[PDB]
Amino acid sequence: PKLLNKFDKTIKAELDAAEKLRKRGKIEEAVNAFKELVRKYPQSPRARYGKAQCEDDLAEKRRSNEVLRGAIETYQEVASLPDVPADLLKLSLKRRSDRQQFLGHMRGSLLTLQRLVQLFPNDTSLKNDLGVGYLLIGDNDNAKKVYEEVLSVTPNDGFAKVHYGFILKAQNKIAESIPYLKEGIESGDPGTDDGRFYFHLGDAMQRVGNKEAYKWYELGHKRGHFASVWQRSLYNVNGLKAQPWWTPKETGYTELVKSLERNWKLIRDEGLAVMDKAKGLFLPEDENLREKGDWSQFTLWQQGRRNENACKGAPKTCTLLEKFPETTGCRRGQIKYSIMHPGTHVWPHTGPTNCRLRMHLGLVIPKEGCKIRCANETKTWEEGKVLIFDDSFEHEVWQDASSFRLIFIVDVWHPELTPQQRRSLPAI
């Protein structure tokens, strides 16, 4: 990596002295040393890069977003200096975009990545990075065009294949996504050994009836992406008791279960009132989990946050549930009514995290036709009775009754999570 232009070669002794302070962990002295070099040599690209790297390390030491914001600006200043070597220009702007994403400045990172691609039009890795920038902001349409451009010049780029396959799957192009996800994973290219691609390749195969799906789940488990073949969540705390079905006593949330079962009719009645008089509060399931049928959910809490307008629609239920912070404070779960109508098949799927357990309270259960499988075990609901399962295990639902089926879904923190963990885990 050639990082020194002609001028920087003449001051290499001063640059090496400053960088040695950084390598020895004397970040404050290194910051000041590079600051002096920037003052004395304001056009040195290596002095400016050294200043940004020191600010970067200082932000890590101090855990400071603001210090990192200063480094992000200094990385940009490197790019505007005269005679900047190409390797240094790429390194500086790449780190700038990386740190912008870390801070959540997704629009800023996208502008930096666009600049990089314009400066280095033949660097396909930079285009791949640009596609990731679009994916992080939710712009799957532009991400898809980026990876199409990469695959047109390098058809066997494994990184581009898995991301193109990921986008196809997210768009419900199930059959189309399989060879991209499969060949991309099989390429072994850097960035393809990722649980997200194992997850969706196996799921795409399950949807088309490809029995090879569980061979890929087993491989993802062997490579450390899944806790097991059945439990395939990707946002996990390791060591939590892993079990498809739970009894109330096993969870320890027996007071919550008793309150739900004793008061189930008021929960039902408010749910039916919303069905009859405010049915627009039930929103269709929107995560492509249905093969067919009608399935809607009316959410009272999400990410540990109460929906005030939703609780105006079920005020007694929200008043009841507020007494239980083990569910209202579950920032990795929800509290929601779930209605499902005959002719519905929910694809086998898993939730995103092993940090929650999922309770189902039966409210209106037809006498026949409704059942739920979790792992290798299938059960049914009962009106006024709670079922508890770990939805980080693969689960699947059928509704073949002759009338609607209404349940109440209550997520709780996994009981083995300490209060310190329940407070620090990012919301999902």
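Counting begins at 1, following the sequence as shown.
Taking the PDB entry as given, 12-20 carries the higher mean Cα B factor of the two stretches 12-20 and 402-410. Mean CA B-factor, 89-97 versus 336-344: the higher value falls on 89-97. The residue among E285, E291, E148, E326 whose C-alpha atom has the highest B-factor in the PDB entry is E148. Highest CA B-factor among the listed residues (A47, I27, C370, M359): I27. Placement of the Cα temperature factor of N65 within the chain: highest third of the modelled residues, per the deposited record. Among the modelled residues of its chain, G165 has a C-alpha B-factor that falls in the lowest third according to the deposited record.
In this PDB entry, the Cα temperature factor of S392 sits in the bottom third of its chain's modelled residues, the lowest group. Looking at the C-alpha B-factors along this chain, the one for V386 belongs to the lowest third.
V364: CA B factor lies in the lowest third for its chain, per the PDB record.
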